[PDB]
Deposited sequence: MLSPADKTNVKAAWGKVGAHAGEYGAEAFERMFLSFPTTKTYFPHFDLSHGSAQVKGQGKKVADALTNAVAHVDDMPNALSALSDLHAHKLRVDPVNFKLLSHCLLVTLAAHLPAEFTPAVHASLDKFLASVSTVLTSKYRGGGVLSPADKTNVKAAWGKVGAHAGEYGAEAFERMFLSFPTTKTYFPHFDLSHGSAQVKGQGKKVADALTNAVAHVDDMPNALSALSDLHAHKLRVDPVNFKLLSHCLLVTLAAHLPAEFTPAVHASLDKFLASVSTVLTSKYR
């Protein structure tokens, strides 16, 4: 969410950008193409030399959309709906790339707005661009009634084993992605550890609660959202690693139930849980 203060900061900053928005848009893409050359894979049809009309035109269109977004900051999904459809259904840019363009737009503004780019305004602009990116990728895949049905079917089949599977998921995570161990320095992480079994059951129980409240997850998970944002402070990238390891765990235990369509529904459900758990971080 964008605080009221955030919105005020973005408007001030973007107002300063003024009639330069297009130029700055073209600059941000040029910086991205140079710093992160994999992003050029989405523009093979473009002359990407410096100052090309295609790049300038892209920068201007992107700039117009951000202005639109800023002017309708309390109604972004609706304001950008045509743009979210287009990226989800036609362009199909991998979501990671939105982070990269956001970083280069931040660099561009920093380089052109010495007076205005204070720490707080930096913070607000970053949050704003993350919000835009979220909106632009929102329709790539809300859980449909089929997803909801699939998630209840598979989780119902986990049943009393929920806790054991949560523990296995953490063990898989710790072995596969050793950096996640940095959040548990106070634990015995050996195989069989009762501390890891206890962690697994608590997470499993929370997931059971989320399945039961699949249409009211922000409230059902609100105390846990608080705890991770303000106390535990787990970097958001780690939630994706645990989600992959829960999927692997379910796959190895539910051969008949883990169909392609159920796998897709589970991946969407864990991403939504992950979104809710990191929603109060900033």
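In this entry, the deposited residues absent from the coordinate set occupy a single span, 142-144.
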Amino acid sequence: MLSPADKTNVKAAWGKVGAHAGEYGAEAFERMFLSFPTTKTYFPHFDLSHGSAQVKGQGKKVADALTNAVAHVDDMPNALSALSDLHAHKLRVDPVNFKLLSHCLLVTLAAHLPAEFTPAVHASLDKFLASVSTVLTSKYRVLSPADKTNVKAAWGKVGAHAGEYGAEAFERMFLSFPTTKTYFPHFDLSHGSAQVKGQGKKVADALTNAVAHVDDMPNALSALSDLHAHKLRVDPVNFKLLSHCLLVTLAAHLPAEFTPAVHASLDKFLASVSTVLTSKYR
From here on, numbers count along this sequence of modelled residues.
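Set 85-93 against 100-108 and average the Cα temperature factors; 85-93 ends up higher. Annotation for 25-33 versus 46-54: the higher mean temperature factor (C-alpha) is found in 46-54. Sorting 137, 150, 179, 190 by the CA temperature factor given in the entry leaves 190 at the top. The residue among 201, 72, 172, 127 whose C-alpha carries the highest B-factor in the deposited model is 72. Compared with the other modelled residues of the chain, the Cα B-factor recorded for residue 262 ranks in the lowest third. In the PDB entry, a CA B factor belonging to the middle third of its chain's modelled residues is recorded for residue 240. Per-chain ranking of the deposited C-alpha B factor places residue 213 in the highest third. The PDB entry assigns residue 230 a C-alpha temperature factor belonging to the highest third of its chain's modelled residues. Sorting the modelled residues of the chain by their CA temperature factor places residue 66 in the middle third.
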